Amino acid sequence: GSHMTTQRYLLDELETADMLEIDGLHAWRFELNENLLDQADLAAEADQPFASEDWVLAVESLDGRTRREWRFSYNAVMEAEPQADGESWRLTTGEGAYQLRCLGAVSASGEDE
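Notes on the structure follow.

How each quantity is defined
Residues numbered from 1 in each chain as written, not as in the entry; some residues may be left out. Heavy atoms only, no water. Core = buried A, V, L, I, M, F, W, Y, C linked by side-chain atoms within 4.5 Å. Buried < 20%, exposed > 50% of the residue type's maximum accessible area, 1.4 Å probe, protein only. Helix = DSSP H or I, 4+ residues; strand = E, 2+ residues; numbered from the N terminus. Contact = heavy atoms within 4.5 Å. Pairing = 2+ DSSP bridges. Salt bridge = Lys/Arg side-chain N within 4 Å of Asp/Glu carboxyl O.

In this section: the nonpolar core. Formed by 26 residues in total, the largest nonpolar core has its most connected members in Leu10, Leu14, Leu57, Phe72 and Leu100. In terms of residues, this core owes the most to one element, helix α3 (residues 74-78), which gives four residues. The contact partners of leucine 57, leaving out residues within four places of it in the chain, are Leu14, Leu20, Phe30, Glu31, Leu32, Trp70, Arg71, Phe72 and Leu100.

The phi dihedral of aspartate 47 is positive, around 65 degrees, even though this residue is not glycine. Mapped onto the elements of the fold, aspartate 47 is located in the loop between α2 (34-44) and β4 (55-63). Even without a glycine there, the phi angle at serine 107 is positive, about 60 degrees. Mapped onto the elements, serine 107 comes out in the segment after β8 (97-103).

In this section: the sheet that holds strand β2 (residues 25-27). Strand order in the open sheet made by the five strands is β2-β1-β8-β7-β6, with antiparallel pairing throughout. In the strand order of this sheet, the two ends are held by β2 and β6 (81-82), each with one partner. Looking at chain direction, strand β1 (residues 19-22) and β2 are connected through three bridges and run antiparallel. Note that in β2 the partner of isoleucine 22 across the bridge is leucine 25.

To continue, consider the pattern of salt bridges. When the charged atoms of two side chains lie near each other, side chains of opposite charge can form a pair. Following the criterion strictly, the structure yields eleven salt bridges and no others. A salt bridge links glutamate 31 to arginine 29; the nearest nitrogen and oxygen atoms lie 3.9 Å apart. A relative accessible area of 32% means that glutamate 31 is categorised as partly exposed. Between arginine 67 and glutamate 69 there is a salt bridge whose closest N-O contact spans 3.4 Å. Linked through salt bridges whose partners overlap, the residues forming this network are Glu21, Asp85, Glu87 and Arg101.

Given below as structure tokens:
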């Protein structure tokens, strides 16, 4: 159900988060691959490290009225480094580095897919 409690990855944080910032730019929307997060926690409950290069997080902010969407793999979210801010994570991708800072506690997980 919730194995990552003592293992606090970016995965642990986006489950409970309401707001999500990227490099200081706050996103109004983000969606999660909950189907893959069932399998992620299923592996974690068996004490097995889960790693998949499928998407896990689509981060959408609107600047003006344009949709700006950053998609991160589950692999990138596992390789995301905990920064000294305590909420910020260093997403070092082949496109660039993106600071994902999960804010709030309303739990955005529980949508559909």
